[PDB]
Every structure is written in C-alpha cells, then in structure tokens.
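Read off the chains here:
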Amino acid sequence: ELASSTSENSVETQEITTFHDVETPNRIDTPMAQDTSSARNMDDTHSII
Amino acid sequence: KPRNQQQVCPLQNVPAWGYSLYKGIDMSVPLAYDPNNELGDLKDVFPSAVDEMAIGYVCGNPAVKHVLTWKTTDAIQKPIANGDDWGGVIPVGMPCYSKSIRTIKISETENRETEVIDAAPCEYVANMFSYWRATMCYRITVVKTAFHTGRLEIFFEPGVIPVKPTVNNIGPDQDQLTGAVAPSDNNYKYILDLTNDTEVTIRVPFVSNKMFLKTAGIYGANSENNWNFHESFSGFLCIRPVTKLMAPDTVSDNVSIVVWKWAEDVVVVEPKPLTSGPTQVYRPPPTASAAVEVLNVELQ
Amino acid sequence: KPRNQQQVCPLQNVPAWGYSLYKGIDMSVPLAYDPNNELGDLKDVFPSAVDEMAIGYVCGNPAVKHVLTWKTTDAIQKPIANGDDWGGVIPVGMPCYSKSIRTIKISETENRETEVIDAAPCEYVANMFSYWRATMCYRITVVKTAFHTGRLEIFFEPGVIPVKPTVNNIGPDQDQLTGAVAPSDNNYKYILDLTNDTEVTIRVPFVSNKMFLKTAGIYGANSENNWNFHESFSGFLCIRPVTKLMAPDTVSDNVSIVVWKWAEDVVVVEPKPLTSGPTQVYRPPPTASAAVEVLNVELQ
Amino acid sequence: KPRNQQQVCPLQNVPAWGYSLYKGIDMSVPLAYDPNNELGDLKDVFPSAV
Amino acid sequence: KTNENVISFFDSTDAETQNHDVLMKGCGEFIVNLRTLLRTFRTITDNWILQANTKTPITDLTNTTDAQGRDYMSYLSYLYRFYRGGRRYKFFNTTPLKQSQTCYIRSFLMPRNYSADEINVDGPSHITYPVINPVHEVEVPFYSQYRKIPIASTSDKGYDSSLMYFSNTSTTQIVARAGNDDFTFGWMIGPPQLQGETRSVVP
Amino acid sequence: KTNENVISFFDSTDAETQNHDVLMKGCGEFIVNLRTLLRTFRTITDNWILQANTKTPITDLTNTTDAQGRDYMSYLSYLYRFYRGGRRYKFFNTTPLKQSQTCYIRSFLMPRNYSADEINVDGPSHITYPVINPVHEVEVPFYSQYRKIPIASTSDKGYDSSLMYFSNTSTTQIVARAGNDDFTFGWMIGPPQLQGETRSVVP
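Residues numbered from 1 in each chain as written, not as in the entry; some residues may be left out. Chains lettered and ligands numbered in written order. Part of a larger assembly, values for the part shown. Heavy atoms only, no water.

- If you check the header, you'll see the entry was determined by X-ray crystallography and the resolution is listed as 4.0000 Å.

Dropping the structure here:
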C-alpha cells in the first residue's frame, strides 16, 4: 500500500537483455506492483509456436 | 405441558443500535440464498500484495507539494519566496495548508468564492478525522546538473507561523523570516550541499505540547478565522540558501526544488472531519465560468 | 423474592427476518399435535434411488435440441442451414437460445406476440438464476444406415455469434460462416466419419473470460435488444460437412442428425431470474386463436 | 430449514431500567469507532497519587 | 454403425476447482440441491383480496398460482410428477386498519380440495393481530392417507391436508409459501415450454 | 549528483509508544485500517423523497452521492480504482403515517445499472413496516461475473448486483450505507482536490 513512486541514483552499466537487444545505462529506477498477483484465469491450455 | 418459569425481560425499541460502529453484529437482512453467504480472500482479486487500505501505507504514499525556483539572484538567509504556494515555509503539519480560491461571476453585484485545496494522500486522509498525530517526513530534491553548486539550509521552528492573513486566504510573512530577524542558529537544521548531495529526507517527529493536533488546516482560514490554522501544524520548515546559488552561463540560472510529503507512525482520533462543512471533493467544471455544487449542513 | 439483575436488551420488530433464506429457523406455527412433528426418510416414498432434486442430476438429463437434415446436395464448409432452429450454429451456452413467436389477432390494428422457448432440462433450470457457469456437453447422432458415408466437422468458436437480428427475433448469419470466410483450421474440432462412427459426445469446458455468464439467453432478444444474448453463451459449435454426403439411390438422399444437450460441473449464482419478467410457463391455449395470460411486474 | 422450538418470552417496555444506579450495563449508544472504546489509567493524567 | 466416442476440448482443469474459486469471488454461496428452494419463501401474489368473515381455503388461490410457475414451488413442480410433505405460508398484511375494529387472523386445517361449507372450524388453529404482528406465519403438517400425492389426480379428495383462511374484517395481504423441512418432489419428467416478452404490434 | 541521505530531528522515542500513550488518554480506540470505515454506516442523504408504488433502484441516488464524497464509501472511493464485495443499506423512515394506510417497505435484487422496467419483482426480498420498525436494514450480496469491478466502465451492465426499492405509499427517509464484511477497494491511485467554504462576496 506506500511508496507509490520511485526516485534517483543507480549502478554503473547495465544489460537487462530482454531476448534480443541490450541497452546500457546506469542501472534503472523502476516500480512494479508490490508483489503482483495473477488475478485472472490462465488454465485452459497455453499452446506454443 | 409445563408453564413458564422464565422472568420478564426489560426492553427498548432501538433498531440499528450503534450502527456507526465498525465492529459488532449487523441486523441487515441478506437478500441471498445461504445465511452464511461470504466471499473468500482478496487473493487473486487485486494485484497488490499489501492491504491497500491500511492507514499507515496510504499516508506513506509520497506526493509533491512544491516546485520552487532558486535563482542565482536570490539572497541568502531568506526563505525562497516565489508564488507556487508557500515553500520556504512549509507548515510541517499533517493536514493540508495550501489552497487556491476559485472566484466565479454570478452578477455584477457579487462573486462566488470556493476554496480548492490540493491535498496530498496523507492530507486527504487527515481530513476524515478531527485530530491527528504523527511524524511528518519530507524529501527535498534539487533538480540540477553537476555544474550547479550551493548549500541550502532547512531548519524547523515550533510554534505559530509568521503569516499575513487575507480577506479570503492566508500567506507567509517572508519579511518576518529573514536571516536577520529569524536567526536559525539554535534551530534544528541541515545544510544540503549541491555538489555532494542532491537529496535529503528529513523526518520531523511529533512535537506540539499537545497530545493531538487539529485537522482544520487552511479550511475556511482568513483574517477573521485563522485560529484553527495555527492549532493544526505545530511548526514549519524553512528553506533558506546558506550560500548563493552558483551557475555558469553554460547552464541555467535556475534550479527546481521538488519536495515530497507523507507521514509515518500515524494515529488519527475522532471519526469525523473537523471542518465546518461536509467532506466534499472539488469537481472541475466544464468551463471556467460554470458554477459548482455547494453542500450545506441543514437537515429536513 | 429477589429483584431483577438482567440488563435491558435492544429490540427491533422484524417478523420473518430473512424468510428468503434456505437455512435457519422458521417461525411458522405448526397446526399439529406434536411440536416436533416430522416425516421420515424418502425411502419407499419414491422409486428413485438418487436425490431427484440435486442440480447436478437435473441438468444431466439429456434432451434433443435439433434434428437437422443433411442432403447429399448440401455443400461442404457450410454449416447445415435448414429451418428447425439454428443447428449448424449451436449457441453452446447453458441458457436457452431457440424460440418461436406466437402471433395472435386482437383486432385489424394490432397483434399479440408471445415468445415461446423450447428449453431443455438444463436450460429450464438456468432460468431461475441470474448467472451460470458449467461444462456444456453435446452428443451428436447421425441417424442413417451402413450405406451412408460422410465426414461431418464440429468446431467451437469463442466470442460473439454471427447473427442477423429480427424485429422480434434473432437468427444465424450463415453467409458469415462459410468455409471461405470462416476457416476452421485453428478451431478446436472433430471430424466424425459416418462409415466408422455414428455418434460422438463433445464436452465443452467453461471458457468466457468471465467468471460467470448471464442466463438471459434469447429472452426478449431482437434488433434493439440483443446484448444480453451475446453475454450469455461464450461461443458456438459449428457443424459443417467436410466431405459431401454420399448415398446410393437404393437408400435416402437425406440423413437426420439428432443432437442432445445437458451440462455437468454446473454452478449457478444468484437465486433470481435475469429476465425482465417473472418466470412463467407457457400453456398451449385450446385454439390457435385463444389468447394467453401475460404476467406483469407491478405491485399494489 | 427447521421450525422454532423456543418459547414465548414475557416482555415490558422499560427503557433506562434503573438508570439511577452506579453499577450495571448502560444502554447509551457510543458515538465512536470502536465498540470497546475506553481510556487507560489515571496515571500521568493527574499529579495526585491517591 | 454403432461405435460412438467422447472428446473434451481445451486442456482440462478441475471444473469443480475453478467453479468453487469463482463462487469464492463472485458469489459466497453454493446452491447444489433444488430442494433448498422449497425451503426459501417466495411471493406468489402481491395482493390477495378477501372479504370479512369468509372461510377461504388457500386452494382457491393455490390452484391458480400452481399453474403460473412464478414461485419455486410451482416452477419446479413442472419437472416432477409427485410431491410429499407439509407446506408453509406467510401472510403480510397490507390492509388499512381502523381503530374502530380489532382485526385478527385465523387459519385452520381442512382436507385438500374441500369446500369451506363441508368442514368444521375446530382442530388446531393459529391466530395473529396485524396491529402488532403483520406477518401471519403458519405450517400445514403432512396428514395423508398415502405416502405420496401426484398433482391433480382423479377425484381423490380429503386424502391429505389443506389450509383454511379466515378474518373478521375484509383483508388484503401478500402471500408467500414454501414447503416444510419434509417437502419434496418426485419422479422427474420432461420440462415444458418457457414464456417470453409480449408487447403486441401492428402487422 | 546522486547520493541522498536521511535525517531525524530531536531525540527519538518510540513514536508508536508515545502515540499509543496518547490514545489511552485522549481517544480510547485505535483506527488502523480504512476498510473498517466501510463497515461503519454513514448518511448520504438526510432526506430521500420517493413516490408510492415506484420501483426505484438506489442507483438513481447512488450515482449522485458516489461523486459527492460525503460518506466514507464515496470519499474513500476516490483513492482507488476497483471495488469488490456486497453493500448494506439502512432506511430510517421519516414519512408521516396515516392510520387509513398500511405502509410497508420492499427491497429486491436487480442487476447493476438496470431500469426498473427491464427486470422482474421476484427472487429474494425483504419487507418491514415503519409503524413498528422505522429502520429497514438490508444487504446486497456480491453476485458478479467478475472478481472485481472498476467504478463506471464501458457499458458493462448486469454484471453484478444492484438494489431495488419499493413502497406502497409515498415515502421519505434518511439513507445510510456501508459495505458488507467483504467489501473493499483496490489499486490505490492519486487523490483529487478537496473543497472549502463558499460564501460569495462583492468585488
């Protein structure tokens, strides 16, 4: 429920290579829901490529 | 077969006895099927992993109150003056202090003034109760570049706040808060150097020679009514430059100072607003001329 | 001898508190002899060896919904069209979808339209509640002889159902469900070969990006009101011939396709119909001209 | 599901029965938040130790 | 010829588990047996006009509402052939009282399908005063010569129990019914046709 | 550039300890969760005029008071985006009764945002007589097709449950509401602007 925001600073260099691509900045300042939940229905198969 | 042996019990017809309480047993008839109808846990219902209604966390939600402008021109030992609203003199109270007056036309013989208060998450909650008590936290940020150099001072002063009441509002008396008439030598302070640090979070514990403080704030505060305002803060934080702001012509002669607000270790008291009017959320009309709805305190 | 020591208890005159519930203690005075009058078990009372009122079994009662006609003429990749009502496009919802309109004469200036829905056992129950959820099961039978050869396809398609609303009804848009505009290559399906199999029971689990689905169905569905219809099925089963029906002149050029309906793993929600009118059973009048009784929602 | 088995209890409409007594249970509705609202000891409230 | 098989689309998952999960977020209750609906009271008539000093067997009202299919007792009765057990009724007074009168409610026994004129006014009886108790709740035990009774058969009269109503003044109340904790239907059959909206039109 | 620190003035002391000490001398209670305010009833209208025999869905009143922000349910709703759970209402009769009448109160279910003219008057129902019970307390279970519902979205109608009101005579009562022991908001957001005193002036 608090700290509904973020702020400054970070580390040197970065990767966070999500699949392809990389990017390199000073780490990152970012929120996420405090420990987020599924909250929805994903149990009817999934399928793939 | 046998006759009564039970005594006569005393009565009183008092339906909805103490319906204003949070705990107890409600007598409302559930329009359902099962007498024990009830939903499960909030799991999977919401994404939040923390009770999203606990006072402590709601008030812990940071929010910007000021965005002052510090010019290389400004003089030291003088709380940054500037419009915005306040700033150099933050009421350091939990309730809200800042407010703007929306004046609309009704005729060439009168206007309608409506107070608009930009309360933060913590100030928004403090409006539901009469008195409060907590430790106010403020994170002062100085948006700038590594080329700007300075040393801002932030000192706290308990007691009344030097102000200049208006026929419909209340502002600070900057004239009464200069380094000469307002020496901050004995006042708890901190000197943020722009070349070393860029931020600082100052936590101000509750101190008001009073168990609790009113939550009136700036509501209906003016020349004739400014008492509830004082009895609702306990002090004020002053931001006066210790060393004049330095900045080459290669950059900007200005620096924005963002200040966040929120409270911790909060404890509210009476479940009723201290304002003279029912809690009402200001709703921005379609046009700057449209009139707003005003709620009264009359009962039929 | 001693005086009262008991406190005054709060009251409220609320006779029949929560009489709409199934569990609890009824205050009705039993016009009998023994205060604990009660009958024994249903043993010997009824022939059934299974609780004859358990929702699961009631809805499990099979019932025919369509009896389509598959001619050797019909083209492939085209849901058997044909009258009857629907068929090639079964709403695959638990509520009822099919309905006929009984139009009677009242004068040369108006007629009285009354909706007649041929609901199955499961559709009959789904009408008592507002929302539903379950796994719909359908057993498709192809009445024929060992001389008929074919390969019928049955694929499911989630979402809205291509229809052509009427001033007083709603039918399928067969034109929008041809193998060309409606490729069933990615849709869950099954291909029943008439030479190998003669039946197939397809079970369609609950899938509707919604916890529950409305039970409105086709009730009062037309051009202006067809929203509740969509939000009450979640998909539709399509029966399009993969290979044209083969049949020598020694037999019939037609084949009847019987389809049964029933649900399993059923769970209904609110104990009240979702229809705009009180639950009413249509009673076939003596003559095709006699008028029927219409129930309103007015209270005195 | 079952019917009543409880007897008919005798009554009397006597609000504030014995309100002049010092002990007992008051029926006044507390205009508060918590049904068990209550203050602590007189310690620190008054200087007197008696 | 013959054979036959079965197929389930998608990837299974306890349909029960899912359901229970849904009722824990969008319901709160789990209706499983329909007999439970024979316990819950439901209005059959929002106004039942009656005259003063008139012994009126509910059957005069029952025969009508039993075919309508408005309440659960009637709606569900169309799915079975037999019934068995007592019934409960609640009459919510809506009649304006005159201080110059002392309106009271009386309900007696009687045999099913009997004319008020061919029975006595003795035996068990209940009475209430709308001036202090607007609701007149009563239950009719299952006094039958048979263990079960099919709806409307032959000329079997006075085989079980009926309810007789009475009032000293002309009344009008909302009636609601439900079977006792022993009422239930039997021998499931096929469901009849439901009815829809009616509005009338021009052509 | 970067860094940042933190500083606490004065000499600490359990701020909690102090607080608790204060509430033990000037309060008596300790409010911690705001959801508790969704249990306490608060008036939204000190007078709600209605006509006789008029099925009026509280939504006609709800839509108005939900934006005012007078009660807790409305005031607190401005801090979140979603809501979930049933609601409770209490109607305190203030309408003068005539002995020549028998005023009664009836409340039914209905789907949210539905017109009284597109729903039936069956299903669960509650009824009270202001002549003996001025307060008509009732609760609306959470019958929804979703686990959560955002305030005023798309054309999602009849997705959950609403409350329908009724009365045989023209009434006027004070309405108070609160959620059941399952009601709660979700997804905290930013607070809107508060309003102050208005008096009007000359220049």
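Having seen the structure, we can now continue with the description.
Observations concerning the interface of chain E and chain B
Okay, so step 1: Counting residues at the interface gives 11 residues for chain E and 12 residues for chain B.
Okay, so step 2: In total, about 850 Å² of surface goes out of reach between chain E and chain B, with carbon and sulfur atoms giving 52% of it.
Okay, so step 3: Interface area lost by chain E to chain B is led by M24, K25 and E29 of chain E, which between them contribute 56%.
Okay, so step 4: Linking chain E with chain B are 0 salt bridges. (Contact = heavy atoms within 4.5 Å. Buried area = accessible area lost by both parts, 1.4 Å probe. Salt bridge = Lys/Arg side-chain N within 4 Å of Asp/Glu carboxyl O.)

Description of the sheet that holds strand β5 (residues 100-107) of chain C
Okay, so step 1: Spatial ordering of the open sheet is given by β5(C)-β6(C)-β13(E), a layout of 3 strands whose pairing is antiparallel. Each edge of the sheet is formed by a strand with only one pairing partner; in this case those strands are β5 of chain C together with β13 (194-198) of chain E. Taking the axes of each pair of neighbouring strands and ignoring which way they run, one obtains an average angle of 30° across the sheet. (Pairing = 2+ DSSP bridges. Helix = DSSP H or I, 4+ residues; strand = E, 2+ residues; numbered from the N terminus. Axes fitted to C-alpha atoms, helices over the stretch in contact; angles between N-to-C directions.)

Notes on the interface of chain F and chain B
Okay, so step 1: Listed by partner, the interface residues are 92 residues for chain F and 99 residues for chain B.
Okay, so step 2: Taking both partners together, chain F and chain B bury about 8700 Å²; carbon and sulfur atoms supply 59% of that area.
Okay, so step 3: Of all residues in chain F, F9, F10 and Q195 of chain F bury the most surface against chain B, accounting for 10% of the area lost on that side.
Okay, so step 4: Applying the counting rule to chain F against chain B returns 3 salt bridges.
Okay, so step 5: For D26 of chain B, the salt bridge goes to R88 of chain F, with nearest N and O atoms at 3.8 Å.
Okay, so step 6: Our count for the contact surface shared by chain F and chain B stands at 41 residue pairs in polar contact.
Okay, so step 7: Considering every element that reaches the side of chain F that touches chain B, the biggest residue donor is helix α1 (residues 15-26) of chain F, with 9 residues.
Okay, so step 8: Here the side of chain F that touches chain B is built from residues that sort into 45 nonpolar, 25 polar and 22 charged.
Okay, so step 9: Here strand β6 (residues 110-117) of chain B runs beside strand β13 (residues 194-198) of chain F; their pairing, made up of 3 bridges, is antiparallel. When the sheet's bridge partners are listed, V116 of chain B is paired in β13 of chain F with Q195 of chain F. (Polar contact = N/O pair within 3.5 Å; in protein donor to acceptor, adjacent residues only side chain to side chain. Nonpolar A, V, L, I, M, F, W, Y, C, P; charged D, E, K, R; others polar.)

Describing the packing of aromatic side chains
Okay, so step 1: In total, this model carries 40 aromatic pairs over all chains according to the counting rule given.
Okay, so step 2: On the numbers, 4.5 Å between centres and 15° between planes, the contact of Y33 of chain B with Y22 of chain C is stacked. Within this pair, whereas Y33 of chain B is found in the loop between β2 (29-30) and α1 (55-58), its partner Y22 of chain C is found in the loop between β1 (9-10) and β2 (29-30), the two belonging to separate chains. Taken individually, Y33 of chain B and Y22 of chain C each receive the classification buried, so the pair is uniform in this respect.
Okay, so step 3: Over the aromatic face of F82 of chain E sits the side chain of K148 of chain E, whose NZ or CZ is 4.0 Å from the ring centroid.
Okay, so step 4: Lying over the aromatic face of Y83 of chain F, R87 of chain F brings its terminal NZ or CZ to 4.8 Å of the ring centre. (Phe/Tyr/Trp six-rings, centres within 6.5 Å; stacked < 30°, edge-to-face > 60°. Buried < 20%, exposed > 50% of the residue type's maximum accessible area, 1.4 Å probe, protein only. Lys NZ or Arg CZ within 6 Å of the ring centre and 35° of its normal.)

Considerations on empty space enclosed by the protein
All names here are of chain E.
Okay, so step 1: Tallying each qualifying case throughout the model produces 16 cavities of 30 Å³ or more.
Okay, so step 2: Roughly 110 Å³ of volume is contained in the largest cavity.
Okay, so step 3: Elements with a minimum of two residues in the lining of the largest cavity: β2 (42-50) and α3 (72-77). (1 Å grid on protein atoms, 1.4 Å probe; cavity = no way out; pocket = protein on both sides within 12 Å on 5 of 7 lines; lining within 4 Å. Points joined across faces, edges and corners; volume = space filled by probe spheres on them.)

Considerations on the state of the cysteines
All names here are of chain B.
Okay, so step 1: Following the criterion strictly, the structure yields 0 disulfides over all chains and no others.
Okay, so step 2: Free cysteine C238: the closest other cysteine sulfur is in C96, separated by 19 Å.
Okay, so step 3: With a relative accessible area of 0%, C238 lands in the buried category. (Disulfide = S-S within 2.5 Å.)

Considering the pattern of salt bridges
Residues and elements named next belong to chain C.
Okay, so step 1: The tally for this structure, following the rule as stated, stands at 45 salt bridges over all chains.
Okay, so step 2: The closest approach of N and O atoms between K65 and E123, which form a salt bridge, is 3.0 Å. Of the two residues, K65 sits in strand β3 (residues 64-71) while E123 sits in helix α2 (residues 121-125), which places them 58 residues apart along the sequence.
Okay, so step 3: In this structure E123 comes out as buried when scored by relative accessible area, which is 1%.
Okay, so step 4: A salt bridge links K164 to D175; its shortest N-O distance comes to 2.9 Å.

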